[PDB]
Each structure stands twice: as structure tokens, then as C-alpha cells.
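Raw protein_0.tsv, TSV, N, CA and C atoms:
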```tsv
chain	number	residue	atom	x	y	z
B	1	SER	N	16.71	10.10	-29.68
B	1	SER	CA	16.48	8.75	-29.10
B	1	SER	C	14.98	8.41	-29.13
B	2	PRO	N	14.50	7.78	-30.21
B	2	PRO	CA	13.10	7.37	-30.44
B	2	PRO	C	12.57	6.33	-29.46
B	3	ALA	N	11.29	5.98	-29.61
B	3	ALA	CA	10.65	5.03	-28.71
B	3	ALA	C	10.75	5.66	-27.32
B	4	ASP	N	10.76	6.99	-27.34
B	4	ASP	CA	10.87	7.80	-26.14
B	4	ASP	C	10.39	9.18	-26.58
B	5	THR	N	10.75	9.55	-27.80
B	5	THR	CA	10.36	10.83	-28.39
B	5	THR	C	8.86	10.80	-28.52
B	6	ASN	N	8.33	9.59	-28.71
B	6	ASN	CA	6.90	9.39	-28.88
B	6	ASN	C	6.37	8.25	-28.01
B	7	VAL	N	5.73	8.61	-26.90
B	7	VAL	CA	5.15	7.64	-25.97
B	7	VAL	C	3.70	8.03	-25.74
B	8	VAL	N	2.78	7.11	-26.02
B	8	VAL	CA	1.36	7.37	-25.85
B	8	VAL	C	0.73	6.37	-24.90
B	9	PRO	N	-0.41	6.73	-24.27
B	9	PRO	CA	-1.08	5.82	-23.34
B	9	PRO	C	-1.21	4.43	-23.96
B	10	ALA	N	-0.75	3.41	-23.24
B	10	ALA	CA	-0.79	2.04	-23.73
B	10	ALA	C	-2.19	1.58	-24.11
B	11	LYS	N	-2.26	0.43	-24.78
B	11	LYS	CA	-3.53	-0.16	-25.22
B	11	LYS	C	-4.45	-0.49	-24.05
B	12	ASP	N	-5.61	0.16	-24.00
B	12	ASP	CA	-6.60	-0.04	-22.94
B	12	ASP	C	-6.09	0.46	-21.59
B	13	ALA	N	-5.21	1.45	-21.64
B	13	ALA	CA	-4.60	2.04	-20.45
B	13	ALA	C	-5.52	2.33	-19.25
B	14	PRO	N	-6.68	2.98	-19.47
B	14	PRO	CA	-7.60	3.30	-18.36
B	14	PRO	C	-7.63	2.22	-17.29
B	15	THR	N	-7.77	0.97	-17.72
B	15	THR	CA	-7.82	-0.15	-16.79
B	15	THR	C	-6.96	-1.32	-17.28
B	16	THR	N	-5.65	-1.23	-17.07
B	16	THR	CA	-4.76	-2.31	-17.47
B	16	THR	C	-4.33	-3.05	-16.21
B	17	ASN	N	-3.69	-2.30	-15.32
B	17	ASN	CA	-3.19	-2.80	-14.05
B	17	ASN	C	-4.32	-3.28	-13.14
B	18	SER	N	-5.49	-2.65	-13.26
B	18	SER	CA	-6.66	-3.00	-12.45
B	18	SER	C	-6.77	-4.50	-12.18
B	19	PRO	N	-6.66	-4.90	-10.91
B	19	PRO	CA	-6.74	-6.31	-10.49
B	19	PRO	C	-8.18	-6.79	-10.38
B	20	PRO	N	-8.42	-8.07	-10.70
B	20	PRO	CA	-9.77	-8.67	-10.63
B	20	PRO	C	-10.28	-8.75	-9.19
B	21	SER	N	-10.97	-7.71	-8.74
B	21	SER	CA	-11.50	-7.67	-7.37
B	21	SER	C	-13.01	-7.55	-7.29
B	22	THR	N	-13.56	-7.98	-6.15
B	22	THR	CA	-15.00	-7.92	-5.90
B	22	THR	C	-15.27	-7.12	-4.63
B	23	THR	N	-14.21	-6.68	-3.95
B	23	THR	CA	-14.36	-5.93	-2.71
B	23	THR	C	-14.50	-4.42	-2.91
B	24	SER	N	-13.47	-3.78	-3.45
B	24	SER	CA	-13.52	-2.33	-3.66
B	24	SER	C	-13.08	-1.89	-5.04
B	25	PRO	N	-13.37	-2.70	-6.08
B	25	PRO	CA	-13.00	-2.40	-7.46
B	25	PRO	C	-12.02	-1.24	-7.65
B	26	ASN	N	-12.51	-0.01	-7.52
B	26	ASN	CA	-11.67	1.17	-7.71
B	26	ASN	C	-10.49	1.32	-6.76
B	27	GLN	N	-10.72	1.23	-5.46
B	27	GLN	CA	-9.62	1.36	-4.50
B	27	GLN	C	-8.54	0.36	-4.88
B	28	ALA	N	-8.94	-0.90	-5.01
B	28	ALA	CA	-8.04	-1.99	-5.38
B	28	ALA	C	-7.23	-1.65	-6.63
B	29	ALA	N	-7.87	-0.99	-7.59
B	29	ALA	CA	-7.22	-0.60	-8.84
B	29	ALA	C	-6.34	0.63	-8.65
B	30	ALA	N	-6.83	1.60	-7.87
B	30	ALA	CA	-6.07	2.81	-7.61
B	30	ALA	C	-4.81	2.46	-6.80
B	31	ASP	N	-4.65	1.17	-6.49
B	31	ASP	CA	-3.49	0.68	-5.75
B	31	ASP	C	-2.56	-0.10	-6.65
B	32	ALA	N	-3.12	-1.01	-7.44
B	32	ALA	CA	-2.29	-1.77	-8.37
B	32	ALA	C	-1.53	-0.70	-9.15
B	33	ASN	N	-2.25	0.34	-9.57
B	33	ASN	CA	-1.67	1.47	-10.31
B	33	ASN	C	-0.67	2.21	-9.44
B	34	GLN	N	-1.01	2.33	-8.16
B	34	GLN	CA	-0.14	3.02	-7.22
B	34	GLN	C	1.23	2.37	-7.13
B	35	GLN	N	1.25	1.08	-6.81
B	35	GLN	CA	2.49	0.32	-6.70
B	35	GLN	C	3.10	0.23	-8.09
B	36	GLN	N	2.24	0.05	-9.08
B	36	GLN	CA	2.66	-0.05	-10.47
B	36	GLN	C	3.60	1.09	-10.85
B	37	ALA	N	3.15	2.31	-10.61
B	37	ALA	CA	3.94	3.49	-10.91
B	37	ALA	C	5.25	3.42	-10.14
B	38	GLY	N	5.27	2.60	-9.09
B	38	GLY	CA	6.47	2.46	-8.29
B	38	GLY	C	6.42	3.35	-7.06
B	39	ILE	N	5.48	4.30	-7.07
B	39	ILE	CA	5.29	5.24	-5.97
B	39	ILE	C	5.04	4.50	-4.65
B	40	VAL	N	6.03	4.51	-3.76
B	40	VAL	CA	5.89	3.83	-2.48
B	40	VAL	C	4.71	4.40	-1.68
B	41	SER	N	4.08	3.54	-0.88
B	41	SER	CA	2.94	3.96	-0.06
B	41	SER	C	3.30	5.07	0.92
B	42	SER	N	4.29	4.82	1.77
B	42	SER	CA	4.70	5.80	2.77
B	42	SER	C	5.11	7.14	2.14
B	43	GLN	N	5.43	7.12	0.85
B	43	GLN	CA	5.84	8.34	0.16
B	43	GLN	C	4.66	9.27	-0.08
B	44	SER	N	3.62	8.77	-0.74
B	44	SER	CA	2.44	9.58	-0.98
B	44	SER	C	1.54	9.33	0.23
B	45	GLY	N	1.36	10.35	1.06
B	45	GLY	CA	0.53	10.18	2.25
B	45	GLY	C	-0.96	10.32	1.99
B	46	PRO	N	-1.55	11.45	2.41
B	46	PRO	CA	-2.98	11.73	2.24
B	46	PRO	C	-3.50	11.36	0.86
B	47	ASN	N	-2.67	11.58	-0.15
B	47	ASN	CA	-3.03	11.30	-1.54
B	47	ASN	C	-3.49	9.87	-1.81
B	48	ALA	N	-2.57	8.91	-1.71
B	48	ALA	CA	-2.91	7.51	-1.97
B	48	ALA	C	-3.89	6.89	-0.97
B	49	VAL	N	-4.65	7.73	-0.27
B	49	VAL	CA	-5.63	7.24	0.71
B	49	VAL	C	-6.99	6.97	0.07
B	50	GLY	N	-7.79	8.01	-0.12
B	50	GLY	CA	-9.08	7.81	-0.74
B	50	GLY	C	-8.99	8.15	-2.22
B	51	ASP	N	-8.76	7.13	-3.05
B	51	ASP	CA	-8.66	7.37	-4.49
B	51	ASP	C	-9.07	6.16	-5.33
B	52	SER	N	-9.62	6.44	-6.51
B	52	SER	CA	-10.08	5.39	-7.41
B	52	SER	C	-9.41	5.49	-8.78
B	53	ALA	N	-9.49	4.40	-9.53
B	53	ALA	CA	-8.94	4.34	-10.87
B	53	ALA	C	-10.02	3.59	-11.63
B	54	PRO	N	-10.10	3.75	-12.96
B	54	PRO	CA	-11.15	3.00	-13.63
B	54	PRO	C	-10.78	1.55	-13.38
B	55	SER	N	-11.75	0.71	-13.05
B	55	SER	CA	-11.43	-0.68	-12.78
B	55	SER	C	-11.85	-1.61	-13.90
B	56	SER	N	-11.06	-2.66	-14.10
B	56	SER	CA	-11.34	-3.65	-15.13
B	56	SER	C	-12.62	-4.41	-14.83
B	57	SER	N	-13.17	-4.24	-13.62
B	57	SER	CA	-14.39	-4.96	-13.27
B	57	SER	C	-15.62	-4.06	-13.20
B	58	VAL	N	-15.49	-2.90	-12.56
B	58	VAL	CA	-16.59	-1.95	-12.40
B	58	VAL	C	-17.59	-1.79	-13.55
B	59	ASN	N	-17.18	-2.03	-14.80
B	59	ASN	CA	-18.08	-1.90	-15.96
B	59	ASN	C	-18.62	-0.46	-16.10
B	60	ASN	N	-19.19	-0.14	-17.26
B	60	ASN	CA	-19.69	1.20	-17.53
B	60	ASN	C	-20.75	1.77	-16.60
B	61	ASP	N	-21.47	0.90	-15.89
B	61	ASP	CA	-22.48	1.36	-14.95
B	61	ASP	C	-21.96	1.01	-13.57
B	62	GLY	N	-22.43	1.71	-12.55
B	62	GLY	CA	-21.97	1.42	-11.21
B	62	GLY	C	-21.65	-0.06	-10.98
B	63	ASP	N	-22.65	-0.92	-11.18
B	63	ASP	CA	-22.52	-2.37	-10.96
B	63	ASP	C	-21.15	-3.02	-11.12
B	64	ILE	N	-20.73	-3.77	-10.10
B	64	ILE	CA	-19.44	-4.46	-10.09
B	64	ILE	C	-19.50	-5.77	-10.89
B	65	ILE	N	-19.31	-5.67	-12.20
B	65	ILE	CA	-19.36	-6.83	-13.09
B	65	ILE	C	-18.40	-7.95	-12.66
B	66	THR	N	-18.65	-9.17	-13.14
B	66	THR	CA	-17.82	-10.32	-12.82
B	66	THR	C	-17.53	-11.11	-14.10
B	67	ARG	N	-17.67	-10.43	-15.24
B	67	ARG	CA	-17.44	-11.02	-16.55
B	67	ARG	C	-17.97	-10.07	-17.63
B	68	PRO	N	-17.26	-9.98	-18.76
B	68	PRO	CA	-17.61	-9.11	-19.89
B	68	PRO	C	-19.09	-8.71	-20.02
B	69	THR	N	-19.33	-7.41	-20.18
B	69	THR	CA	-20.68	-6.88	-20.34
B	69	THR	C	-21.46	-7.73	-21.33
B	70	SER	N	-20.76	-8.20	-22.36
B	70	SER	CA	-21.34	-9.00	-23.41
B	70	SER	C	-21.72	-10.41	-22.98
B	71	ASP	N	-20.84	-11.08	-22.23
B	71	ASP	CA	-21.13	-12.44	-21.78
B	71	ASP	C	-22.15	-12.42	-20.64
B	72	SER	N	-22.47	-11.23	-20.15
B	72	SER	CA	-23.45	-11.06	-19.08
B	72	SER	C	-24.84	-10.93	-19.74
B	73	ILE	N	-24.89	-10.25	-20.88
B	73	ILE	CA	-26.14	-10.09	-21.62
B	73	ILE	C	-26.47	-11.49	-22.13
B	74	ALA	N	-25.41	-12.23	-22.45
B	74	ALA	CA	-25.51	-13.59	-22.95
B	74	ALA	C	-26.12	-14.53	-21.90
B	75	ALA	N	-25.89	-14.24	-20.63
B	75	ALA	CA	-26.44	-15.06	-19.56
B	75	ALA	C	-27.95	-14.86	-19.52
B	76	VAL	N	-28.38	-13.61	-19.36
B	76	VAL	CA	-29.81	-13.29	-19.32
B	76	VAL	C	-30.53	-13.84	-20.54
B	77	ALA	N	-29.96	-13.59	-21.71
B	77	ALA	CA	-30.54	-14.04	-22.97
B	77	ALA	C	-30.72	-15.56	-23.01
B	78	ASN	N	-29.65	-16.30	-22.73
B	78	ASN	CA	-29.72	-17.76	-22.73
B	78	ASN	C	-30.77	-18.32	-21.77
B	79	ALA	N	-30.77	-17.81	-20.54
B	79	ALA	CA	-31.71	-18.26	-19.53
B	79	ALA	C	-33.18	-18.03	-19.90
B	80	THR	N	-33.43	-17.57	-21.12
B	80	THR	CA	-34.79	-17.33	-21.60
B	80	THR	C	-34.92	-17.76	-23.05
B	81	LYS	N	-35.27	-19.03	-23.26
B	81	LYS	CA	-35.42	-19.56	-24.61
B	81	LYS	C	-36.41	-20.72	-24.65
B	82	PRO	N	-37.72	-20.43	-24.66
B	82	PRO	CA	-38.71	-21.51	-24.71
B	82	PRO	C	-38.33	-22.50	-25.81
B	83	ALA	N	-38.68	-23.77	-25.65
B	83	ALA	CA	-38.33	-24.76	-26.68
B	83	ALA	C	-38.99	-24.42	-28.02
B	84	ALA	N	-38.17	-24.09	-29.02
B	84	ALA	CA	-38.67	-23.74	-30.35
B	84	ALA	C	-39.76	-24.71	-30.79
```

Would you mind writing the file out in C-alpha cells?
Amino acid sequence: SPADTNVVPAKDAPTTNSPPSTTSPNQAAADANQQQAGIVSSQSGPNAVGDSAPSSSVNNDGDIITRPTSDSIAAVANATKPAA
């Protein structure tokens, strides 16, 4: 029974479920993933307490991004263009 014999991490899996948050990026994501898996809260006790998941917002550096790393470089760049 194929399409089962071979299952690999989905496209961009690290941070798929990760919800667009500005409060606790990781916690918020370690939860979308939590409910996502279907694992009820009351079921996993101590575990689902202090935990993080890669977040779709957190970006590669600590900083809690609010838009693509690229469109952010684009902001700084644009805001600096003396009249040719």
C-alpha cells in the first residue's frame, strides 16, 4: 500500500503549522504543532508546557521578523537612496 510505504517530511516542514505571532513565536508554534498532531493538551502534561518549534516568524537570527528576511533588507535598502 504505497503513498504510505514512502512518507517524507512535507515541504518546508520545520515551520508549516507555525502561526503568524508576535508574542511568543516558538511557544505559539510549538502549540499549533501540538494541536496539529492531534495530541490533546490534557494528555501530554509536563511535556507540552515549556517547548518551542521553529517558527515561521522567528527568522534565522533571534529577532522576531514580521516579513520575509528579503523584504526586510528591501526596507532598509529603499529607505536609503539619495536622488540620483

Any idea what the distance is between atom CA of residue 57 of chain B and atom CA of residue 11 of chain B?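 So the answer is 16.8 Å.
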
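Atom CA of residue 74 of chain B is positioned 25.5 Å from atom C of residue 17 of chain B.
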
Pull the alpha helix (DSSP H) assignments for chain B out of DSSP run on the backbone, and list those residues as a VMD selection string. chain B and resid 25 to 36 69 to 78

Skipping near chain neighbours, those fewer than 4 positions away, what residues fall within 6.5 Å of residue 15 of chain B using all atoms listed in the file, listed as a VMD selection string? chain B and resid 54 to 56

Atom-to-atom span, atom CA of residue 31 of chain B and atom CA of residue 69 of chain B, Å: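 Value for the atom CA of residue 31 of chain B-atom CA of residue 69 of chain B distance: 23.8 Å.
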